[PDB]
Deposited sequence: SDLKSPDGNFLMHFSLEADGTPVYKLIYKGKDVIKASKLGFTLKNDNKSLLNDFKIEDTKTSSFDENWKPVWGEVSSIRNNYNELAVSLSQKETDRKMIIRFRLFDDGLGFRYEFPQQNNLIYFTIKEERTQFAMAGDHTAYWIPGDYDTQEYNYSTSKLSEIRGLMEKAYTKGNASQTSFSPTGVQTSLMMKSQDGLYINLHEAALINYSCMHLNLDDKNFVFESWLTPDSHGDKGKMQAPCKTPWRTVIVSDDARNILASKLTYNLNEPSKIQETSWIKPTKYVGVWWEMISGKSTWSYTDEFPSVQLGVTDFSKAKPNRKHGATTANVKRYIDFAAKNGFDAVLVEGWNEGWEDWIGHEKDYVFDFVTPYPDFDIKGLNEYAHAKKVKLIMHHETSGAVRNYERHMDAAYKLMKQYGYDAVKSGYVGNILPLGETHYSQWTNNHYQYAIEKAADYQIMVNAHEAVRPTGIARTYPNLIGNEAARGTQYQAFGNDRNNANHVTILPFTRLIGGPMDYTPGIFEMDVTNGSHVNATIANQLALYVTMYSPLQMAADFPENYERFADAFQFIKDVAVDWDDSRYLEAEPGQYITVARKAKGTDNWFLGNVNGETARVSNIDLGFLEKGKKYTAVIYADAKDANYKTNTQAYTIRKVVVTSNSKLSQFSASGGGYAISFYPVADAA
């Protein structure tokens, strides 16, 4: 019946209502966080469903406290410490068995449903999941519109009661909305009385992606899963279980960011030997096309292309193509010179003339280079300079087409020494009517990952479902996008709000890292769009947007122009033995310092929102009795993300654990700091 966090700060009461509805309640430090909340499911072609009429057949309690070592991460060792309540339910009349399993951590609550092997529930279909989160009042939320096909929205900050009226505008126009009060997870909130509340899920395997629908009379969120192509919300087979649903809570917003709860609820690694999994700093032939300077395509001779018919070797080059042998060489040369691990190349393969908007099945083959891209020479050239290429497999939504070519594509990767692939799923999923985050498409992303692992290939999947901690289980999933990235800074309209990167950690990053592609130095790009950041904001992102996969997205020539600033990007690590969140408020600021794996050096970043601010940090995370050379890369006092983006200062100062530092950060600005011991 009742359950406590190890530290006694959380209490979860579970009971049944008069009619047999199962309900839960969560309490933090004597405060209601989750009020009485119903659980269970509406099932298709089922009189009675799984909503009510249960009895408690048994309860079982236990405790767990172990550490595991991530392959890559924010810390060298993570603590998995919880108390567990398993409630076995039995429904009257049907005698169907449903377990609700709760784990209560010092960071908050996770729960899931289990269906054991039984006689009167075998194959069933979920019409709707009926999992509630009753809020204590009209909290502030940081939210994106509920959508079955994209998460690439700017966040809105508002009360819960304002979501309805704001939904006309926040839903900017592959996308499918569902409700005027529907929102995605991870969802971040802050109560009128200073509690930070995160609703999300963990271990999204073999199940549809959960969104939340708000009842804005009573402030109750309810699970609203993603329909597949037939409109269903889970083809289930017992014995089976749901992903966990997570309520991470703290009176200190920094603890939300530091939580490993999401990972903790996923199964331990299923990869036995993990040393081939290598955190990666990279450049690429990428932003050129994103910002309208180059094309993915080789030719414009043809209205459409047909692979195996169009003869590319005899087509007129349009001469805008980014992925030329000469251009890739330049990026290789730049990566090698500056200690980067890899270079991504997009537009390398036949088919880019028809990549977007055509709902085209046989859109790519994932193996055949354009005539102007010498796959063999370039891979040899890169390896000779101690660099790798990153394979790119945009699918343009044609999932069957990808699965058929996948083995051959991974083989070709291995044959030329590619160990990582950036995938994509742009456009409607084929065949039309399918959604990007259904149980059905979710299984594709899962299969891609699993198969990549069999080849010892790493995967970074754009346009896929947002992560839910599955990289603990498959640490070859070194990234996704699955949110609005730097690319939108090049797409005109509103680009990304100045405070975007002060919300992403509190939402999107819960579940796993993002390939945000930071590192922009020229904010006014070829197609006229204005990147809403300062240079110092861009340097800070290598620390404030944690990821084992970190791009420097701008052109070689722009880094050359601002070589002094670029030093931080060259110096910063991408893997860590420890991390300390120093300051954080969603929508406003994040400051964090991290200690580079296998070193005694630290790197710090600050990102700042709309309101310019003076940050004051304690350098207590440094080792006692040591001196460090700090180099501080900061906004100039008149820097500004709209009108003065390229104004930064660089200064050196020797510091100790007892030093304090005070730093202006501009509007949409930030700062970065390297700390190296003195010898």
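Sequence ranges 174-176, 683-685 have no coordinates in this entry (deposited sequence, numbered from 1, C-alpha basis).
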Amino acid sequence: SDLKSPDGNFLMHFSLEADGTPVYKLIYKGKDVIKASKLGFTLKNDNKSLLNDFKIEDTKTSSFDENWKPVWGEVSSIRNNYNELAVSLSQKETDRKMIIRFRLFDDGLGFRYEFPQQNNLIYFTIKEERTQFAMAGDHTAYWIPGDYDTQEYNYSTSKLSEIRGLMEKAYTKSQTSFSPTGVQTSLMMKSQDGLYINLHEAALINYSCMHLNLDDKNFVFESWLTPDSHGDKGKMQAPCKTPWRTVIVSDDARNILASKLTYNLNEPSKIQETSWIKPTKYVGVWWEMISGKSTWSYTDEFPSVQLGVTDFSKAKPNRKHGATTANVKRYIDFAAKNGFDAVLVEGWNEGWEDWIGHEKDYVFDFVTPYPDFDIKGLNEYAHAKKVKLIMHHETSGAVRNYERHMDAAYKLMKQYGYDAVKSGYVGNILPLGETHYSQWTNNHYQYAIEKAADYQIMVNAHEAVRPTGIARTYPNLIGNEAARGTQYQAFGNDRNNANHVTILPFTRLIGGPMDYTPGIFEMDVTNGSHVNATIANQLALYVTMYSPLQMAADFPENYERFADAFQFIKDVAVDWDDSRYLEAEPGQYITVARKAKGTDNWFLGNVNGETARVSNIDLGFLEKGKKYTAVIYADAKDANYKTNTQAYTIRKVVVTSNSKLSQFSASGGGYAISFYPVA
From here on, numbers count along this sequence of modelled residues.
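When the C-alpha B-factors of 186-194 and 419-427 are averaged, 186-194 comes out higher.
Higher mean CA temperature factor, per the PDB entry, when comparing 507-515 with 338-346: 338-346. Across the residues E359, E168, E394, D149, the deposited record lists the maximum Cα B factor for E168. Comparing the listed residues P145, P303, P279, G587, the entry records the largest Cα B-factor for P303. When the modelled residues of the chain are ordered by C-alpha B-factor, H500 sits in the lowest third. Among the modelled residues of its chain, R254 has a C-alpha B-factor that falls in the middle third, as given in the PDB entry. Sort the modelled residues of the chain by CA B factor and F105 lands in the middle third.
Per the PDB record, residue ranking by Cα B-factor puts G73 in the middle third of the chain.
Split the chain's modelled residues into thirds by C-alpha temperature factor. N558 is in the middle one.
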